[PDB]
Amino acid sequence: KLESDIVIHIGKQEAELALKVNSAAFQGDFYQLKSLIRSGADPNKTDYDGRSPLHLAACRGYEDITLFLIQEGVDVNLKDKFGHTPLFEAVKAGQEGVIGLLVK
Amino acid sequence: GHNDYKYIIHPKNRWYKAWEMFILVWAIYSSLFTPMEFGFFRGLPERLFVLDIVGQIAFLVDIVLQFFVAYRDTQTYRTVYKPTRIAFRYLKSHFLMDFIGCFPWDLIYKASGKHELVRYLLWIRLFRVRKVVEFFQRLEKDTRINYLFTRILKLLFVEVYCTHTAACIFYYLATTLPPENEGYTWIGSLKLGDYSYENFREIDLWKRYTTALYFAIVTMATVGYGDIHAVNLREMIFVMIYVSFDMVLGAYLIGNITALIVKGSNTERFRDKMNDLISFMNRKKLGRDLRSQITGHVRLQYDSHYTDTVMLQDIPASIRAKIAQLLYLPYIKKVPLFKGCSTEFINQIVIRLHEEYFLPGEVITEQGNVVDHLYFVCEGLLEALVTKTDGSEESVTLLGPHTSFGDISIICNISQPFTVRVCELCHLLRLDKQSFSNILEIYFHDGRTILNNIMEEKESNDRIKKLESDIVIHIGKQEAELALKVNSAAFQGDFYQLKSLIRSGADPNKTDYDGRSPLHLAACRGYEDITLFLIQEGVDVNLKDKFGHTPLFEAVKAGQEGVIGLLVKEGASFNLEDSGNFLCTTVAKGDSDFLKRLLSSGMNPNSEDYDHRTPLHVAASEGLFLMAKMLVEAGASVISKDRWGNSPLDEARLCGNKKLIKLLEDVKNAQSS
């Protein structure tokens with residue numbers, strides 16, 4: 001019965017993980033993110049708006065978080081549900097270093 | 001299992017305890033009389049004929065009862081109550097010796113022609129002293145009496161028995177020699193004072209026993225007056241054996257007493273510390289008040305019994321938890337930080353707690369030190385101060401009893417703000433940061449209720465109002481995470497759960513990292529029930545998201561005409577930046593359905609693009625008669641002209657679409673009027 005409750009609870013919990021991964025890519029908690037990569041959902045798993053945390057890392061400028069996502073191999077060309085690759089938010093936000101990383 | 005087989009007596013049953021105290025008296029008498037009746041009586045006189053018989057009967061019943069009393073196992077540690085199991089314990093452990101002792105050995109000796117070797121079996125009754133051994137073992141368990149004190153008392157009883165038996169054996173050895181050679185015995189040549197023990201077999205039993213026991217006792221302490229001494233060779237040999245064994249026994253007595261004095265020093269440790277510490281004060285001439293403070297601390301070390309709080313680390317987690325639930329729980333209720341939360345959350349705070357005691361004047365937490373423990377002042381007063389750049393300390397609001405300090409720093413995960421000082425003896429209950437953190441993660445609703453209590457506690461003390469800004473940073477982090485949960489629910493379908501969260505305090509106008517109120521997500525998903533509920537919560541129909549869209553934008557994206565009409569009844573209107581130019585881009589897309597839902601929301605009839613072309617221009621040039629007619633229905637005028645002065649009618653005429661040409665011709669010619 002508990003297993004059946006967690007059949008849905010773990011799905012919701014995975015959703016929370018993806019949102020938290022984006023949050024940590026939006027607050028700046030790198031160390032938590034390094035732990036969470038092996039202790040939580042992956043950046044490939046998208047949120048409600050289908051936005052990988054690489055899009056946020058383009059906005060914020062957490063190029064070290066960006067480099068961790070690069071190590072994971074998460075598609076740098078993975079668009080959001082707004083049909084826009086993280087490169088666009090890199091250019092829009094004006095993070096020239098992040099722009100350089102995604103050009104690399 | 002005690003019902004399974006009846007007549008069984010519990011090991012510590014009341015009536016069995018009374019019988020134990022009775023058979024203990026009988027065992028003491030039997031073990032202290034067997035040597036007497038052996039040595040001083042070559043055949044027990046009939047005067048005591050009753051008293052021996054009843055004695056054996058007293059143990060005979062005990063041979064039966066021990067076949068029914070249960071015994072606590074040493075393997076499962078559980079009392080086993082089965083006569084099949086119970087009987088074996090006796091039959092193996094001690095039944096043989098007790099049964100041999102219970103025979104009428106004196107009568108058998110008198111019924112076998114007075115053979116002394118039969119009387120030697122009387123010494124089997126000395127094994128009844130195992131009852132006294134059991135009594136002493138049980139008394140050792142009692143915390144009433146010290147273990148080492150019980151040891152020394154046991155050794156004293158061992159000396160009592162050994163001297164009594166030694167005196168009896170000594171007199172018996174005197175009797176083994178024939179009466180005519182009684183002058184060669186130790187007693188038959190005794191001439192104490194003017195009394196010669198010449199016919200020593202006819203002297204009163206008590207005079208003979210007192211002489212023999214006098215010898216035994218004076219040799220027990222090795223006084224060795226010499227008035228009574230061994231004369232025979234049997235007497236010499238027995239005195240050597242007794243003396244050697246008693247040397248060992250007396251050495252053990254001295255060892256037990258010395259160990260009791262050395263190890264068993266409780267307040268003497270405080271006294272020893274006082275010795276050299278008073279030497280310290282005296283050789284350094286400390287002020288009397290400061291001397292009093294130091295002595296107060298040392299007495300406090302033995303008066304706070306922190307060791308009595310350290311032991312709890314050894315008691316297992318659950319039982320310690322219930323100790324906390326019975327002691328720290330009132331102190332926990334007294335905390336204004338918790339105040340009204342779920343009883344389960346309060347109970348979990350209760351479970352993981354580490355009571356501590358501190359000293360007046362000594363400081364507890366230091367400024368700039370990362371908070372590692374969450375302290376509650378339960379009985380005491382506490383005052384924090386902050387050293388400034390010049391160095392002077394900043395007095396803060398005092399922390400009197402039934403308060404919680406350091407909590408704000410833990411909540412913000414920041415170092416301790418002020419160096420806090422212990423004004424006097426305080427019952428500082430402690431909670432580790434990690435334990436509190438996990439408890440908060442499990443009880444998130446209680447956690448937010450604490451957050452409310454926290455804001456109130458912030459305005460309560462202005463010195464924490466010096467850190468309200470950082471606390472507000474933490475509050476904003478909590479609100480952002482909460483908006484994340486609200487949006488995630490709007491994407492999952494947890495309608496009632498997200499309603500409950502909004503009831504909890506969740507503003508649906510809270511913006512997430514995507515900055516789109518959950519109305520956008522409910523619209524794009526199509527949870528029209530959730531969209532309607534958010535409508536009742538007064539979410540603005542067309543909030544602009546970080547991406548510059550409305551909730552109804554997302555609805556029209558997926559074309560949730562249910563949600564689209566739902567927001568239309570609320571007066572749905574994109575009112576987006578360049579919504580008419582976005583319609584130029586939509587005619588570029590060519591999505592007539594997307595366009596129909598947009599123009600049903602009616603954001604803009606027509607607007608010139610960077611080519612100064614209304615969407616009607618684009619549709620007319622493209623030959624998109626359906627889109628162009630639908631735009632005209634929206635209000636797209638045909639008199640508008642592009643950058644090159646061409647109306648949509650001109651574009652349609654260029655295209656050559658008969659229906660579109662006729663439509664735009666008639667509409668624009670009418671529009672001219």
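Don't overthink the numbers, they just go from 1 along the chain as shown.
Looks like electron microscopy, 3.1 Å, at least that's what the header says.
Every residue, even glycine, has its Cβ placed from backbone N, Cα and C.
Taken from Swiss-Prot as is:
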type	residues	note
BINDING	B:337-459	nucleoside 3',5'-cyclic phosphate binding site
INTRAMEM	B:211-230	intramembrane segment
REPEAT	B:479-510	repeat 'ANK 1'
REPEAT	B:514-543	repeat 'ANK 2'
REPEAT	B:547-576	repeat 'ANK 3'
REPEAT	B:578-607	repeat 'ANK 4'
REPEAT	B:611-640	repeat 'ANK 5'
REPEAT	B:644-673	repeat 'ANK 6'
TOPO_DOM	B:42-48	topological domain 'Extracellular'
TOPO_DOM	B:70-92	topological domain 'Cytoplasmic'
TOPO_DOM	B:114-119	topological domain 'Extracellular'
TOPO_DOM	B:141-154	topological domain 'Cytoplasmic'
TOPO_DOM	B:176-210	topological domain 'Extracellular'
TOPO_DOM	B:231-236	topological domain 'Extracellular'
TRANSMEM	B:21-41	transmembrane segment
TRANSMEM	B:49-69	transmembrane segment
TRANSMEM	B:93-113	transmembrane segment
TRANSMEM	B:120-140	transmembrane segment
TRANSMEM	B:155-175	transmembrane segment
TRANSMEM	B:237-257	transmembrane segment
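Per-stretch counts of Cβ pairs under 8 Å to the transmembrane segment (B:49-69) identify B:93-113 as the leading one among B:93-113, B:120-140, B:237-257. In the topological domain 'Cytoplasmic' (B:70-92), helix, strand and coil residues by DSSP number 10 helix, 4 strand, 9 coil. Of all the binding-site residues given, namely B:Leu337, B:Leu353, B:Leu385, the one with the smallest number of surrounding CB atoms inside 10 A is B:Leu385. Listed in sequence order, B:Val371, B:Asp372, B:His373, B:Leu374, B:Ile410 are the same-chain residues at least 6 apart in sequence whose CB falls under 8 Å from the CB of B:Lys433 (nucleoside 3',5'-cyclic phosphate binding site). A coil conformation is recorded for B:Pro401 (nucleoside 3',5'-cyclic phosphate binding site) in the three-state DSSP classification, outside any helix or strand. Taking the Cβ of B:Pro401 (nucleoside 3',5'-cyclic phosphate binding site) as reference, residues of its chain lying under 8 Å away and at least six apart in sequence are, in sequence order, B:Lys334, B:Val377, B:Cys378, B:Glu379, B:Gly380, B:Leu381. Other C-beta atoms found within 10 angstroms of the C-beta of B:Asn369 (nucleoside 3',5'-cyclic phosphate binding site) number 12, with every protein chain shown included. Taking the Cβ of B:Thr449 (nucleoside 3',5'-cyclic phosphate binding site) as centre and 10 Å as the limit, one finds 19 other Cβ atoms among all the protein chains shown. DSSP assigns B:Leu353 (nucleoside 3',5'-cyclic phosphate binding site) to coil in the three-state reduction, outside any helix or strand.
Just so you know, the Cβ of B:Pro417 (nucleoside 3',5'-cyclic phosphate binding site) picks up 24 other Cβ atoms within 10 Å once every protein chain is counted. According to its DSSP assignment, B:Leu337 (nucleoside 3',5'-cyclic phosphate binding site) is coil. According to its DSSP assignment, B:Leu385 (nucleoside 3',5'-cyclic phosphate binding site) is in a strand. Panel annotation: around the transmembrane segment (B:21-41), residues 48, 52, 55, 58-59, 62, 106, 119, 122-123, 125-126, 128-132, 135, 161, 164-165, 167-172, 175, 205, 208-209, 212 of the same chain, lying at least six beyond its termini, place a Cβ under 8 Å from a Cβ of the stretch. Broken down with DSSP, the topological domain 'Extracellular' (B:176-210) shows 13 helix, 0 strand, 22 coil. Helix, strand and coil residue tallies for the topological domain 'Cytoplasmic' (B:141-154), in that order: 9 helix, 0 strand, 5 coil [DSSP]. Here the topological domain 'Extracellular' (B:42-48) has Cβ contacts under 8 Å with residues 106, 109-110, 114, 116, 119, 175 of the same chain, all six or more residues outside its ends. Nonlocal intrachain contacts for the topological domain 'Cytoplasmic' (B:70-92), taken as residues 6+ away from its ends with a CB within less than 8 angstroms of a stretch CB, comprise 1-2, 4-5, 7-11.
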